[PDB]
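Presented below is the structure to which this report refers.
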Amino acid sequence: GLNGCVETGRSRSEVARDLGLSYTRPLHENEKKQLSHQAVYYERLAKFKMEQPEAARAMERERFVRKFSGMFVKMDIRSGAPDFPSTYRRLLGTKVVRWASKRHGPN
Amino acid sequence: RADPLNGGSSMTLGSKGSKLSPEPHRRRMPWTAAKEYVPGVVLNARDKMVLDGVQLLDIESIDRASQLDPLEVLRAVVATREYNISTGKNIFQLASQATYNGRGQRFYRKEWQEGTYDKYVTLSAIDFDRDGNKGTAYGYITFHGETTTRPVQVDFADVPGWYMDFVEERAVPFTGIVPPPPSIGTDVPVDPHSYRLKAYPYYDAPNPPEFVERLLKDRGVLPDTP
Amino acid sequence: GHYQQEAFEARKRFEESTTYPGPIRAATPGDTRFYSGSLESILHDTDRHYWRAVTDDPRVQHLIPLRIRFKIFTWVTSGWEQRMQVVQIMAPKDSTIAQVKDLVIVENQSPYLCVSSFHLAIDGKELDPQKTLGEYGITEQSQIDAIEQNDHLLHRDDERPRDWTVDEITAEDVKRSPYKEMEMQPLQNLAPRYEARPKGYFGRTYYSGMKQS
Amino acid sequence: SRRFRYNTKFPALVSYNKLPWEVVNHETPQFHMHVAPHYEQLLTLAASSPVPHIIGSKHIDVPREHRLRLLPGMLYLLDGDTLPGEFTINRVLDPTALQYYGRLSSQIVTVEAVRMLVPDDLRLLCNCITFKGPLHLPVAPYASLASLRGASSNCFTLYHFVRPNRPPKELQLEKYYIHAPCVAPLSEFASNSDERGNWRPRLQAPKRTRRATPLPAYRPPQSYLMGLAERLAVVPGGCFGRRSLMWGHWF
Amino acid sequence: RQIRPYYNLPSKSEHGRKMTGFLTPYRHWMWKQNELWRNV
Amino acid sequence: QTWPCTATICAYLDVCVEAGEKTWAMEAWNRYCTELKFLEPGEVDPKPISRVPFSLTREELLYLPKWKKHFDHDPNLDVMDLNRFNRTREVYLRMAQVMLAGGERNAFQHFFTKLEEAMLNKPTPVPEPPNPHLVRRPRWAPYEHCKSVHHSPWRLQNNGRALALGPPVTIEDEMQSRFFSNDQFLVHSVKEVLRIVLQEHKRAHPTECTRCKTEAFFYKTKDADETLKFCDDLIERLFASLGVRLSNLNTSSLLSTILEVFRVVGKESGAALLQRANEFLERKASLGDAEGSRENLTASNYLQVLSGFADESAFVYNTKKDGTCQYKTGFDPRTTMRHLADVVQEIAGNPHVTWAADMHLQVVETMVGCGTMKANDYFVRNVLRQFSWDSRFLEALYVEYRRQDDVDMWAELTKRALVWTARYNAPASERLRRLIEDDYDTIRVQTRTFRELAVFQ
Amino acid sequence: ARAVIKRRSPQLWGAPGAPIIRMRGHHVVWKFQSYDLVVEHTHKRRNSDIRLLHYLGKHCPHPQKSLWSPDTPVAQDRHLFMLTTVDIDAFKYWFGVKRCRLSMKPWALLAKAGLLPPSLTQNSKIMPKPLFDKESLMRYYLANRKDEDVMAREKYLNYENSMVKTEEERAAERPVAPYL
Amino acid sequence: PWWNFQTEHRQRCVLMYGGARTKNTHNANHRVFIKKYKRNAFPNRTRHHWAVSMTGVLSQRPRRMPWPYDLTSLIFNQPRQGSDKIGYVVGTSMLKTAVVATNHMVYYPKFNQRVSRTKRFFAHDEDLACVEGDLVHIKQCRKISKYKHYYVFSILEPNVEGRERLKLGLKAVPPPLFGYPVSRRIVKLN
Amino acid sequence: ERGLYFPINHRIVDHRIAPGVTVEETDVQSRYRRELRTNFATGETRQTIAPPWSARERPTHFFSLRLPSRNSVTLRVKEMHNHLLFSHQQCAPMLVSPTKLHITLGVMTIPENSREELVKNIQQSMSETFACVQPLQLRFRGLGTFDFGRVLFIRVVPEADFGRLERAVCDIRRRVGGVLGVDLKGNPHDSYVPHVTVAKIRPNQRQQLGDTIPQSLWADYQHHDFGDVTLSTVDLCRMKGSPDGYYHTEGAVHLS
RNA sequence: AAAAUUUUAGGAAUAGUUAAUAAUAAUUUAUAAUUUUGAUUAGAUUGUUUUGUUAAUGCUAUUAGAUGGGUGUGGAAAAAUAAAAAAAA
Ligand SMILES: [Mg+2]
Ligand SMILES: [Mg+2]
Ligand SMILES: [Mg+2]
Ligand SMILES: [Mg+2]
């Protein structure tokens, strides 16, 4: 389970998955806690939308109308730039005031 | 796309046509579909020189000081009717005058009956809106002895190019149901004496001699002296 | 169609196999989350993001991706439109239609859908909330509609929402409902900013399946 | 134009450019516009070969409970005039709506009446069409309609149950487009008919001393025309046909 | 371009173009002729 | 150097048969499919997929040369596992067909015997599921926004949601050949062999099996008798090998193929076909020991019957004598039309038989040949509006029109029929168009476009 | 679809449009001027190279004396020469398979070369454009029309596959004794 | 014609025979620096600009160009450059994210010699196999989050030591004693 | 505004819908990241899957590594039980008694007629397989699910003597199912996933308990460490809960 | 969607911020991300076939052209003078 599949292109996490093996380093408290908090998102959500449809519907109104407000509605190469401040640095001083720096990550 | 002109042949841009297909060329704009249209500008364009020397009053001018002699009003009305037929007759102007609102009668526009072109409309039913001269008109198209299976909104009913002829035979009361006329190939056995086909799918008309004269006298084959 | 019964037949005749060893999961790969392209594409479970020339053993589907269609009223800026919106769940094979309704109710993110009680129906016929997908022959290819309480009242002007084009929206209803969230009185950034389709889009008669002229 | 692959452009939840879903309103004329030309095909089928659920007897009876999981989609023909239990009756006298039954009434059984029925709860529907007299189609002996008195008491009715404000799909008429022949024109040569000996063949084409009478001389149209119908992509009449063949348009 | 001659159906309007393309049957016939040639 | 899998071998052997070159099939056989086996009681199933798929241990990755690590998807790697479903019986069948095609009895006898024996005494192999990359998959769509069959109000447009025009050609209504039981496949194989006999007869005598191009169409070829002998011996061999088992499986396709052989090769009138089929079904009802209740002839069989009547009355048209027509010697229109009539009665009686455009075409043609002059009526009632049709119809029908009394009827009926072609989306063919053109002096009907003519000159 | 149309250089149907074969050169004193046959899109940008599918050749519109060939007493050959380099495989590819468009001047060239019949725009103003009527044409057509199958075979060999297999090469390619 | 002398020129419009059609860009311009600031106050904390700056990238002297000939292209056949990288895992503070340090090569053609530079990547490993100090194989893939285009394809060398260190409850590797350099003097006693 | 305009996690195309649909006709919504949520996250595990015919019949006997007294495993599982029951006492019927803990090395169907011949033969071949293998020290940490979340178990980490186990198992697999034809629920050329089954939902229970063990219970123990254990004893067992307070044992082999 | 190539004599911290969850979170969870292998601001500068000199590893040029959003039209924003692109006979 340490090697990826060359022709398949699936990673080592994959072929390990398929052989039904787990190589997972021992975890500290951070990771166990984050993970355990993540697993349950759907139970929590299910219980929420069943038991309390109103609060849910309010928040949904927010999201829905929000999609129509805002900066971009359209998802194109511009909107869909994974890094906006980096690919357009030439906007950063004058036009675009959101970002103070062109680089927040490795690349 | 669907149905080109001369297949794809690209040797010129005009070689294609003025439209590439009958279908809308962008799917986001449906109305670009190829119809048969009519010169709306000229055929609305009603003459305001018939309204000269008249004194029309208005709808909401009802005032006692406002209106005029009954004689004046009469000639005004006549000048207004003369204003509305001033180009040709709208369908709802023909149909209100016929019995049963002209259900069953065959409404043909002028150009549909001349040249090799042969077409008319068997009127199924009519809606007058509060205003006459406008409305909705449904019916069966009949084209070269071929007829529609179901009724259709009659297009350009509001454009004043329409003629028809009142026959008691075709009249239907509002009780019954206007039948679609027979398509001469199928429901009625075809006959030559009752109906002869003007033009058929591969046919076309012979050359008229004076057009030919004009074109040769143009291209400069047949001379022309001032 | 052809594929459905070809594959069903194949499954059925593969289960009646007397002698089979079983597959070797070393030879039967899963699917990758890692492939070129920006977009994440979800496929059939019998299909893969790599090229696999060999046909795999027919398996029975233990999660069936049902689609459930709703009617919605969209604000198109010349007035209201009625169009179609699907919800897509993954419903365990043997699940009860009651439970399917519940899945649906949990999986919609539109505030405009599940407001009152609704019944699932196929080709107009209501379904028993009591019984299984197995009995009604629901294959994931099946067309499943969803019928709300007030939906047979829509032909009137009441239940069908009132557009500020033709109707008064009053200080009563400015504080309630889609009317509130919409912000009718125009702002500088122009408000939620909905989609618009003009009046003359379809001509004088609206969109039809049958050509009306 | 072809339909594009997928929408990656706009959020799904908001759905953006969407052809409106067509709904059939029973209050208006448009309803009948959809349902009528179907009926005729349906009746035509009934005139030739048998279909199982078309002919039935003594209406139908179901509980309040199972009412909507059984009825909707149901279409059946009864002999007499009896209106279904628990339906408010609406007469269709409006001319426009009536108009669509034209083809069905002239070239099939004449339509005596049309009825829109709505139940107590308003959530169902019945379209009820009463025909008078015998068909103007011939009816075959082994056919479904041969089991009925109203054809071949001259009135009989077609009943169609449906839900309101639904797309013109889930009224189920398209399962009926099975096409069976009318065997009436060949019934003449069957061993059963006694007029089969009064038939005589034309094997050879008869000797022709004439030509077809030449068509009336062509008068070129005098008014203004919209230009080539070819280059404008107008089908020959604006009616039917291919845009490559320009026959019968002005020239 | 599409040639609009002077004897095309004139439109009287102050809100738009002065001449609509609409044809004298002669012009239509003529057009058909020239077109046939180009088809060749 | 790609090793063809079994499927590929099938395909190439199909090309071999259709080409009738035995030579190709022998080399192909000898090289690749030799060791191909059948499935026996001990043998197991679809074999599981056994290939590893290709990976690299870190030492393989680091120490090997570059080419050793280069995987292009290469067949020959998966060939073993493409063949895991055992399609062998298909290969043997094709091979029989070829050895017959190239006219060699011994080899054919060998293959067919092996196949037969194994089909009787060995278990039915599990068929492969539909290949994802050939036949694709039905992705989910709502059919809501659709053109609503009556869309154009001149005609019936077909639609994605339902098919309202009726089938253009009759389909056999049998699942793909690999899903069959072993016995069923035996039957299928006989029908296959017959079909190849037919095809070979049409490659030998192309003139005589074309309808009515030459009077040669009306008379049995020599060597047809020996052929039919072969067919008879074959079928009786099928009834000899398979016992009562035959009572449980579909004979429909087989029957239709036999009937089509005795319609084409030996020439039997419609009555003879209907008789043959009834005697056959009697035989199959009797061999199974039961109360009878025979299956009725399915739609395809009746299609062969009807095309039988159409062969019966057929005419070589416009001899160079300017003589009207030549006919089958010993032709009676009365009797023919009698039998056709009560046969159509028979069909339309049976509720489970679907009607197609081709069956109607055989009928219409039988009318035209018989000088019935009811052809028009039948066509317009039962076909025109309700089917998507060929122009072959209009060809037979023009022949009909030509024989009417006065000329104006001819002209007007023909013109009207062209309008039919323009309304109904039938692109009137060049055969028909020529048939009309030939009479131009008489009827004055122009068939060509303006454009087409100019360009032509 | 531009809000404010670029007014001077209009085109049909948006960008980049069809592939088209154009003749173009930078403008200079007539003495040195050359042209380029270029397959490129319909909508050009600032520099012609951004959309350039292929380069079909140089064309020089100066009649030249042939000093390459030895001076020849044959009359014809001492007419001046016009020099053009055609790339004919990219031409037949782009025009044939890819279905190009054509400006007029390139068309005239390709006509002088025997690749295309002369253009629409080459007019001896001596003759007029022809007249037409359907029934005379029809008489001529009824007079001469070839057989159906001859014509179908023509359309076969011209449009579809040309190279075919005669009996002999079949007989030559079929396997011999040990596998036969 | 670039090979013709200054005085040999006749026409400027064409090449008479062949050769290259060249544009003379004027390389010797005496371009100059403008001094807009006092040497005392320059408006930047780290770096100061006192002369003309050389402005290219790969036009930039002395030339340093991409070299795809190092170890990585030696072991792998890459469909696209950088589709494969071998590296060491440095840090896992992010769930399912392995940071990887990796070397690539640069070539100075002036000196005819190579240098290795180093670069960090974020790799997506589902399931958290990686420990700090593993030698991993890494691949280019679907954009996963803002910065992660690589996923952990295979562990070449695991950290046996580090894993054992983890099992016992201690961190995989001791945290570095000093952080980044400073320009200050930190006086912190006992 | 707090991040990317279109979050990359939200960019999803569904190719199992249809080419024309989502552009024009209708838009399809789903929560697509429940489905994408992976095998590590859900806690699923791919066990050797049975052929259909073998899938029909109940298993009878299995191979088991027997856990000694004084385990780290048993202790920590007991602590886990206490914690679980204090959280939710609905688990109570799911949980396996700490007395019944064992490692499952493979599962098998033995017909009741040939029973004696097969137990003798198996036991013999088994004793031959493990003759050379000395005791195994294996590591247990992490949880996983079989049968759609119906069976909840403790994984065996391949960090230790596990390697040997896999060869060992793969030997009996090729003997027991390969040599004398026996129904191993899988293919004898494939290796079984060894596991310690902790909680379980049987067919009879499934009505009152529910169709899947809710992951909220074992979420926090999903990666928990149960420790190392050395194992000298292999068993072949028929399944009965009654007889010893442990499974009825038809055979044994000592690793030494 | 990425990978490589990236200037300033004397050099310090940067920030709507990383990763997981998900069509969540102006207060989800976490021991987070960029930097001395030279970052971010700031100066200069139109990026990876174009020149000049030279016997030559060099030195010395290369124009121009993509500057955010706010009823989001359109296949694609490239959409507000400044062509030298024949733009549906
Ligand atoms: Mg980036
Ligand atoms: Mg700046
Ligand atoms: Mg196109
Ligand atoms: Mg702006």
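Chains A, B, C, D, E, F, G, H and I, in that order, give the protein sequences.
Numbers in the UniProt record's numbering are just positions in the first sequence, counted from 1, shifted up by 322.
Numbers in the UniProt record's numbering are just positions in the second sequence, counted from 1, shifted up by 9.
Numbers in the UniProt record's numbering are just positions in the third sequence, counted from 1, shifted up by 14.
Counting with the UniProt record's numbering, you get residues 10 to 161, 172 to 270 for the letters of the fourth sequence.
Numbers in the UniProt record's numbering are just positions in the fifth sequence, counted from 1, shifted up by 9.
Numbers in the UniProt record's numbering are just positions in the sixth sequence, counted from 1, shifted up by 203.
Numbers in the UniProt record's numbering are just positions in the seventh sequence, counted from 1, shifted up by 8.
Numbers in the UniProt record's numbering are just positions in the eighth sequence, counted from 1, shifted up by 9.
Numbers in the UniProt record's numbering are just positions in the ninth sequence, counted from 1, shifted up by 12.
Note that beta-carbon positions come from the ideal geometry of N, C-alpha and C, so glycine has one too.
Residue-chain proximity (residue i, chain H), Cβ-Cβ < 7 Å
i	result
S55/C	no
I166/I	no
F48/C	yes
Pair within 7 Å by beta-carbon distance, residue i and residue j
i	j	result
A105/C	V118/C	no
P183/D	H35/D	yes
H354/F	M224/C	yes
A419/F	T430/F	no
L77/I	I134/I	no
Endpoints, the alpha helix (DSSP H) within which residue i is located
i	result
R151/H	Not the alpha helix (DSSP H): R151/H falls in the beta strand (DSSP E), residues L144 to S154.
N324/F	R308 to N324
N43/E	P34 to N48
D61/C	Looking at the DSSP string, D61/C is not in any alpha helix (DSSP H), and its letter there is neither H nor E.
Residue-level contact to chain A via CB, residue i, 7 Å cutoff
i	result
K18/D	yes
Inter-residue CB distance, residue i and residue j (contact presumed, cutoff 8 Å)
i	j	result
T624/F	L656/F	Actually they do not touch by this definition, with Cβ atoms about 19 Å apart.
Contact with chain B by residue i, beta-carbon distance below 7 Å
i	result
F270/D	yes
Beta carbon proximity, residue i to chain F, threshold 7 Å
i	result
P191/B	no
Any chain C beta carbon closer than 7 Å to residue i
i	result
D164/B	yes
Range of the contiguous beta strand (DSSP E) that encloses residue i
i	result
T92/G	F89 to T92
Chain I contact for residue i (CB, 7 Å cutoff)
i	result
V118/C	no
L349/A	yes
Practice item. For the segment 108-122 of chain B and the segment 165-174 of chain B, state whether three or more C-beta atom pairs, one from each stretch, are separated by less than 8 Å. Key: yes
Exercise for review: Could you tell me whether the segment 173-190 of chain D touches the segment 135-142 of chain D, using the rule of 3 or more Cβ pairs below 8 Å?
Suggested key: Cβ pair count under 8 Å is three or more, so yes.
**Study point:** Contact the segment 259-269 of chain D vs the segment 181-193 of chain B: 3+ CB pairs below 8 Å
**Key:** no
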